[PDB]
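Inspection log for the structure reproduced underneath, given as C-alpha cells.
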Number of protein chains: 2
Amino acid sequence: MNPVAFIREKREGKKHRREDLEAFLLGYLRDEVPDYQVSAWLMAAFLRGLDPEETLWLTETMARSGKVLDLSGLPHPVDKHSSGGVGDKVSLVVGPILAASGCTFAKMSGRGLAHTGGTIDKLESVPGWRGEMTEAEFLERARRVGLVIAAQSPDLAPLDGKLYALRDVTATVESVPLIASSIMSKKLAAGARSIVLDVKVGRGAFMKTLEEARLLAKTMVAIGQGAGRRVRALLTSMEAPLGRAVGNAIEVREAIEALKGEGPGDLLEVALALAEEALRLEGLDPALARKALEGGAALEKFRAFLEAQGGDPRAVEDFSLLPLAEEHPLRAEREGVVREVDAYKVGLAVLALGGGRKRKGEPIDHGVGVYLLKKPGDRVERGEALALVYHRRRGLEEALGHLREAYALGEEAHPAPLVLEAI
Amino acid sequence: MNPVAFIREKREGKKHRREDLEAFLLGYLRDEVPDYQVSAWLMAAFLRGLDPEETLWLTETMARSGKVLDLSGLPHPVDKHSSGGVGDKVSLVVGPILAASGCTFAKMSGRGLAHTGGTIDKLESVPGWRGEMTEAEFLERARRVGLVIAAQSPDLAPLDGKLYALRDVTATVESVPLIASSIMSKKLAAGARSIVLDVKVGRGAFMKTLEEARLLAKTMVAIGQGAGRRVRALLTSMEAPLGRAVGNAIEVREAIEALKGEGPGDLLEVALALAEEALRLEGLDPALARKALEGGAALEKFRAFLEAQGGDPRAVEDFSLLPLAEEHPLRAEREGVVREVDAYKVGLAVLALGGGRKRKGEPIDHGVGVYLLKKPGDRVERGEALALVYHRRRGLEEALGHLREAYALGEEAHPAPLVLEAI
Ligand SMILES: [Cl-]
Ligand SMILES: [Cl-]
C-alpha cells in the first residue's frame, strides 16, 4: 500500500491491515518514508484512534525493531515501569525486594532529561558502578545475582524511540494507544513475563486523570495479554514526590536507608504494593516482599548488584562515598499545613542546580538535590525549614524559586491515598 | 506560540488567533518550521476543521505571501475560475466577451496534467503566442487590450504552492476549507474585484460529490465576502465535454468559430451564463455579453489579445496556422441515443495521442485531439461516426479504446441542464 493511501485509510477512520501497518512503520525505520508522512499518520491515528488489535500490532512491530531479550531460561522474570511522573527512585527498592523474593529483575533503565530523573543517572552516583555491559554479562548477572540494571535502554525497540521523538515534536504524544504501545513495546522487547505498571494519577502535567489512567491501564494490560505477558497496573497519587530525597546520590542514600528499614513510610508502602502485585502475577506469595525487606535480604541483593556492576559495595555502609553538595535551608514564609509539593517544580529545581540535564548526552552533578523535610499533612511554622537544598553555587536562586512555588500550604491538609487501585 | 502548541491547539479543536496562524505559516514559508510539523497541523485542520474566519485568515495569509497585483486603476476587473472538471475552453470565449463588454479580464492560467487540459497549453498552439510576461507588460496589456492571460508564476501566493505540494503527499488535499482557501488565495493575489466560479462536481456518487461542490461554492463565496471581493458560483453539469473539440489547436479553432457566431450551442450557453454573472457582480448590464458576442466585438478582442502576446492574429482567419494531425473516424459499433461522453476518458484519449502530459513540464503535441460528432441526446446509427480522432500515428489504438468506453448509449436520453444551480 502507498504511504499516502495508508495515511488516508486512517484519516477516514478505517482499521489497518497488520501487513500494511508494519510495512509503513518499518519503512520509516529504514528512512524510506519521510517524517512528514509519518506525522500526518500519527495525527490521524491520534484523532481517529487505533483499536485493540491495531494497538497490539503496533506494539509488536516496534518491539521487534531492535534488540530483543530472551529470559525464558531464568526464574520468574519480572519488570516494573512507570507511566507519568518525573522518574522516582521506587525501582531502587522494588528491584532488590523482588530479586530477594525469588524473581529475576533484569531490566534496562533510562536517563533523565530536564525535570525528569533517571535510574541510570542515580546509580552512576555510586563510585565504580557501570550500566554498560555485554548481552552475555547481562544474562550472566541476571542468573547469578537476580538483579541487573543495564543502560543503553534505547537499544530496545528503536522504532519506538524514533516514533516517540516524532510524536514529541508533532503534538501526538498524549494518545492512549500510542502511549500504551510505546511503553509495552519496550517491555515486550525486554523479555519479562510479568510486568507491573505504576500509573500516576492527578490533575496536571505528567499526570493522568483517573479516567485517562484507567483507560491507559486497561489498554496496556490488554496488549500484554495479547502478547502472552502478565500485566498489572497500580494507580497511585502524586501530591508530592515519594520519600524525601530528589536528585541522584541523595536518592541512592534514601533507597539504601529504605532497604535497611529506616526509609520513609510512603516510599515503602508503594514499593511493597508494586512488588506484591509482581509476585501475584508470578503466582508467588505476596508476603515474600515484606519478608525480603524487613529481613535484610533485599539490602543484600542490592549490595551484590552494585558490586557485580563495578560499584563500591562500601557505599551501602558509608555515605561518604555518596557525597552531597553545600546545604542551604529553604524556610517557610507562611504558617499552615503542607497540602502539596509539586513534583514537577521540585524537578525543575534539581535541574537548575545541575542535577538534571538540559540536553541529551550531557553529564550531570550527582551531588546536588533537594531533601523535603515537610510533606503533605505536616504543620509548618514561619521560618521553619521546609527543605534542604544541596547546591554547587550554581542556579541556587532559580532553584529556590521553583521549590517555593512547588510548596502549597493551607489551614488544613487531607492527603489523598497513596495507592488508589490495581487493574 | 511555539509550533508544537499551535498544532496541539488545532488537534484539540480550538480556534487559532489570527496572529498565530500567520506566524506558523510564514515561518513555514521561510523554512523555519519543518514540513513534518506543518503536515501534522494540516491533518489536525482536516479532521477538526477550520471555521469561516480561520479559513479567511488562511486565504489572506497565502494571498499576501508573495506578489500582489494591483488592478485598482483598471475598469471593472473580473475573472473566472474553473473548479473540478477537465479544464475546458470556456475561458477562451468568456474572456473576449467580458473584455468586449467593458471589463478587464487579466488573469493567470495554468497547464494541463494527465487527462486535464490547460488554457496556457491551448493558446500556445497559436504560433508566437506566449503567456510569460513581466508585471509591467501584464498591466500595460490589461489597460490597452483589456484581455490578458499569463502563465502562473511562483511569485503569486507562493505559500499556497508550498502548502499544496505538502497536502498532496500527506492525504490532506480533500478538505473544503483547504481547497477553497487555495483557490481564493490565488484570486486575491491576482487582484480582480468580481470573480465568477465555474464549479463541476468531483468523481463519485452524485449525492456526495454535489454536496461537496455546494459546500465548496458556499465556502469560496464566504471567503470572498470576508475579503471584500464579489463572488458568485455556478455549478455546471458534465455529461459530456463542453463543445466538440478536445485538445489544443483544435480547441482554439472551436473558440474562434464560437466567437464568429458559428460555434456549438452548449459552449455558447455556458459562456454567456458565466459572462452575465460577472457583469451582474460588477453592476453592469448583462445584455452586453450577448451583444459583444453577436456583434463581433468579442472576436476582435480575442484577435487583439493574440497579437498583443506574440501570436499571429491571422490564425483567426487562416486555420492552416492551427494545423491538426491525421484524421481517423471512430464509428459506432452499436445504435441508440448518446446518454454520456465521459470527459475523463476523452481526456485519457487525448493524453494517449500525446496531446496531454504524463508529468509536469513535459512538452505536448498541439495538433492531436478529438472532435465529438455525437453528444448527449443525439441518435446514433450503427457505422455512424461518433467522433473524429487526430493522431500522429502514436497511441491511436489506446485512444480509440478510451473513446469507445467514454461513449455511453441507450434507448433514450434526457440531458440535464448545462448549469445546475447558482450560489
Ligand atoms: Cl501531546
Ligand atoms: Cl487527500
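Letters A, B, ... go to the chains of the C-alpha cells in the order shown; residues in each chain start at 1; ligands are counted from 1 in the same order.
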Exercise answer, 7 Å around ligand 1 with only C-alpha atoms and all ligand atoms, as a VMD selection string:
(chain A and resid 168 171 to 174) or (chain B and resid 8)
Taking N, CA and C atoms for each residue, export the selection above as a compact mmCIF listing (two decimals), in the first residue's frame.
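Wrote it out as out.txt, contents follow:
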# COMPACT_ATOMS: atom_id res chain seq x y z
N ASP A 168 6.79 13.68 19.98
CA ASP A 168 7.12 14.77 20.88
C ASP A 168 7.18 16.15 20.22
N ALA A 171 2.97 17.05 18.59
CA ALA A 171 1.82 17.03 19.48
C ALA A 171 0.99 15.76 19.35
N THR A 172 1.66 14.61 19.21
CA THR A 172 0.94 13.35 19.12
C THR A 172 1.43 12.38 20.20
N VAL A 173 1.82 12.93 21.34
CA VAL A 173 2.28 12.10 22.45
C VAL A 173 1.10 11.58 23.27
N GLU A 174 0.30 12.51 23.78
CA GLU A 174 -0.82 12.18 24.66
C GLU A 174 -2.02 11.41 24.11
N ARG B 8 -1.03 21.39 18.62
CA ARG B 8 -1.88 20.87 19.69
C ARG B 8 -3.21 21.61 19.78
Give me, as a Markdown table, the closest atom pair and its distance (Å, one decimal) for every residue of chain B within a cut-off of 6 Å of chain A, counting only C-alpha atoms, rows sorted by chain and rising number.
| residue | atom | partner | partner_atom | distance |
| --- | --- | --- | --- | --- |
| B:4 | CA | A:171 | CA | 5.7 |
| B:8 | CA | A:171 | CA | 5.3 |
| B:35 | CA | A:36 | CA | 5.8 |
| B:36 | CA | A:36 | CA | 3.7 |
| B:37 | CA | A:170 | CA | 5.5 |
| B:39 | CA | A:40 | CA | 5.5 |
| B:40 | CA | A:40 | CA | 4.8 |
| B:43 | CA | A:40 | CA | 5.8 |
| B:170 | CA | A:37 | CA | 5.5 |
| B:171 | CA | A:8 | CA | 5.5 |
Would you list, as a ChimeraX atom specification, the residues of region 218-386 of chain B that end up in alpha helix (DSSP H) under DSSP run on this structure's backbone?
/B:218-227,249-259,265-281,287-295,297-308,343-353
Straight-line distance linking CA of residue 21 (chain B) with CA of residue 1 (chain B), stated in Å to one decimal
9.7 Å
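When only C-alpha atoms and all ligand atoms are used to measure the gap to ligand 2, the shortest distance among B:233, B:306, B:179, B:386 belongs to B:179.
Reported to one decimal place, the separation of CA of residue 215 (chain B) from CA of residue 243 (chain B) is 27.5 Å.
Every protein, DNA or RNA residue with an atom at most 6 Å from region 244-249 of chain B, where only C-alpha atoms count and chain neighbours fewer than 2 positions away do not, is listed here: residues 122, 125, 251, 252, 322, 366, 367, 369, 370, 371 and 372 of chain B.
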Expressed in Å, the length from CA of residue 225 (chain B) to CA of residue 51 (chain B) is 14.6 Å
Spatial neighbours of residue 258 (chain A), 8 Å, only C-alpha atoms, chain gap at least 3 places, as a PyMOL selection string
chain A and resi 93+254-255+261-264+267-268
Find the spatial neighbours of residue 338 (chain B), counting only C-alpha atoms, within a cut-off of 9 Å - ignore same-chain residues fewer than 5 positions away - and output them as a list in words.
residues 374, 375, 376, 377, 378, 379, 380, 407, 408, 409, 410, 411, 412 and 413 of chain B
Using backbone DSSP assignments, extract all strand (DSSP E or B) residues from region 52-262 of chain A; output them as number ranges by chain.
A: 67, 77-83, 104-108, 113, 116, 147-150, 156, 194-201, 208, 230-237, 245-247
Who sits within 7 Å of residue 346 (chain A), only C-alpha atoms, same chain under 6 positions skipped, as number ranges by chain
A: 402-403, 406
Write the residues of the preceding selection, restricted to N, CA and C atoms, as an mmCIF file, in the first residue's frame.
data_model
loop_
_atom_site.group_PDB
_atom_site.id
_atom_site.type_symbol
_atom_site.label_atom_id
_atom_site.label_comp_id
_atom_site.auth_asym_id
_atom_site.auth_seq_id
_atom_site.Cartn_x
_atom_site.Cartn_y
_atom_site.Cartn_z
ATOM 1 N N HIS A 402 11.756 27.855 42.259
ATOM 2 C CA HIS A 402 10.933 26.710 41.877
ATOM 3 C C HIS A 402 10.461 25.928 43.103
ATOM 4 N N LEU A 403 11.353 25.728 44.064
ATOM 5 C CA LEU A 403 10.998 24.961 45.250
ATOM 6 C C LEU A 403 9.900 25.657 46.053
ATOM 7 N N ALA A 406 6.686 25.158 44.327
ATOM 8 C CA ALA A 406 6.231 23.778 44.464
ATOM 9 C C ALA A 406 5.392 23.571 45.722
#
Pick out the residues sitting within 6 Å of region 101-112 of chain A, and hand them over as a tab-separated table (two decimals) with N, CA, C and O atoms, in the first residue's frame; count only C-alpha atoms, and ignore anything fewer than 3 positions along from it in its own chain.
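File out12.tsv, as written:
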chain	number	residue	atom	x	y	z
A	75	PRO	N	14.44	-17.77	36.26
A	75	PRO	CA	13.29	-17.88	37.17
A	75	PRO	C	12.49	-16.60	37.37
A	75	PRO	O	13.05	-15.54	37.63
A	76	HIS	N	11.17	-16.73	37.23
A	76	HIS	CA	10.22	-15.63	37.42
A	76	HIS	C	10.72	-14.25	36.99
A	76	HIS	O	10.90	-13.38	37.84
A	77	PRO	N	10.96	-14.04	35.69
A	77	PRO	CA	11.44	-12.74	35.22
A	77	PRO	C	10.33	-11.68	35.25
A	77	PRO	O	9.31	-11.81	34.57
A	78	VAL	N	10.55	-10.63	36.04
A	78	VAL	CA	9.57	-9.56	36.19
A	78	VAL	C	10.18	-8.20	35.86
A	78	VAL	O	11.40	-8.06	35.76
A	95	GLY	N	13.31	-3.42	42.87
A	95	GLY	CA	14.19	-4.39	42.24
A	95	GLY	C	14.77	-5.36	43.26
A	95	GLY	O	14.64	-6.57	43.11
A	98	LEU	N	12.14	-7.75	44.89
A	98	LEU	CA	11.71	-8.85	44.02
A	98	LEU	C	12.82	-9.88	43.80
A	98	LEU	O	12.56	-11.08	43.83
A	116	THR	N	12.97	15.60	34.61
A	116	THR	CA	12.84	14.19	34.95
A	116	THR	C	14.18	13.54	35.30
A	116	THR	O	15.21	13.88	34.72
A	117	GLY	N	14.14	12.61	36.25
A	117	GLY	CA	15.35	11.92	36.65
A	117	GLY	C	15.40	10.58	35.95
A	117	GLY	O	14.49	10.23	35.21
A	118	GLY	N	16.47	9.83	36.18
A	118	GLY	CA	16.61	8.52	35.56
A	118	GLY	C	17.37	7.60	36.49
A	118	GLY	O	18.33	8.02	37.12
A	120	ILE	N	19.44	5.25	35.84
A	120	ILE	CA	20.83	5.08	35.44
A	120	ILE	C	21.69	6.22	35.99
A	120	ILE	O	22.81	6.01	36.44
A	121	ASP	N	21.15	7.43	35.94
A	121	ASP	CA	21.87	8.59	36.44
A	121	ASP	C	22.06	8.48	37.94
A	121	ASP	O	23.14	8.78	38.47
A	142	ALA	N	22.11	-11.76	35.60
A	142	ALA	CA	20.70	-11.99	35.85
A	142	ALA	C	20.55	-13.35	36.53
A	142	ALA	O	19.76	-13.51	37.46
A	146	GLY	N	20.43	-12.04	40.07
A	146	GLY	CA	18.98	-11.99	40.07
A	146	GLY	C	18.48	-10.56	39.93
A	146	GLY	O	17.28	-10.33	39.76
A	147	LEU	N	19.41	-9.62	40.01
A	147	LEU	CA	19.09	-8.20	39.88
A	147	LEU	C	20.15	-7.54	38.99
A	147	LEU	O	21.33	-7.52	39.34
A	148	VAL	N	19.71	-7.02	37.85
A	148	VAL	CA	20.61	-6.36	36.91
A	148	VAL	C	19.91	-5.14	36.32
A	148	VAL	O	18.75	-5.21	35.93
A	149	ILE	N	20.62	-4.02	36.29
A	149	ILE	CA	20.07	-2.79	35.73
A	149	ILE	C	21.11	-2.29	34.74
A	149	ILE	O	22.18	-1.82	35.13
A	150	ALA	N	20.79	-2.41	33.46
A	150	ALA	CA	21.70	-2.00	32.40
A	150	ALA	C	21.26	-0.72	31.73
A	150	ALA	O	20.08	-0.36	31.75
A	151	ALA	N	22.22	-0.02	31.14
A	151	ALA	CA	21.94	1.23	30.44
A	151	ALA	C	21.58	0.87	29.01
A	151	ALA	O	21.09	-0.23	28.74
A	153	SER	N	19.19	1.56	27.33
A	153	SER	CA	17.79	1.20	27.22
A	153	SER	C	17.27	1.47	25.80
A	153	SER	O	16.46	0.70	25.28
A	288	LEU	N	6.12	-12.53	50.62
A	288	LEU	CA	7.57	-12.58	50.44
A	288	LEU	C	8.22	-11.19	50.36
A	288	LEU	O	9.38	-11.02	50.76
